[PDB]
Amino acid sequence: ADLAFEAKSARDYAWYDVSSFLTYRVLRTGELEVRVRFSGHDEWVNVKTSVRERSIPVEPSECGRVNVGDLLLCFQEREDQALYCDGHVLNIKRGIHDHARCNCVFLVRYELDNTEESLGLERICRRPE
């Protein structure tokens, strides 16, 4: 099936699903940027760093494929806002569950500010592969 992407916002440094792409531009420094139209407004993002293939949700029967050190798109809830930003799995507490719901617990370190949090499979999306 078709490719779908997400783009990193230069405002909050989170990732959003790209609905479509509009145009591109080169910087005199040489970087390639792309104008991205989001889902749900309009940004320029570094192709090389800030554009990638959309993260994939993980099904309870899959949780074995997520490991310590992995990079993950994590749902990050705070006061008002909530963002989907990059983090790395530091430690995993495996639970007992079936195919219905994953109660394994993932300690991840957010890339931006280096903070830590315990997330359930329901709040993480893996990178392809």
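Just count from 1 along the sequence shown to find any residue number.
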Please say, as none, 1 to 3, 4 to 9, or 10 or more, how many residues of the deposited sequence are without coordinates in the interval between residue 40 and residue 41. 4 to 9
Mean Cα B-factor comparison, 76-84 or 89-97, giving the higher one as deposited: 76-84
Tell me which stretch has the larger mean Cα B-factor in this entry, 48-56 or 30-38. 30-38
The third of the chain into which the C-alpha temperature factor of residue 9 falls is the middle
Assert third(CA B-factor, residue 119) within chain per record equals middle
Ordered by C-alpha B-factor within the chain, which third holds residue 107? Give me lowest, middle or highest, please. middle
In terms of its chain's C-alpha B-factors, the third that includes residue 63 is the middle
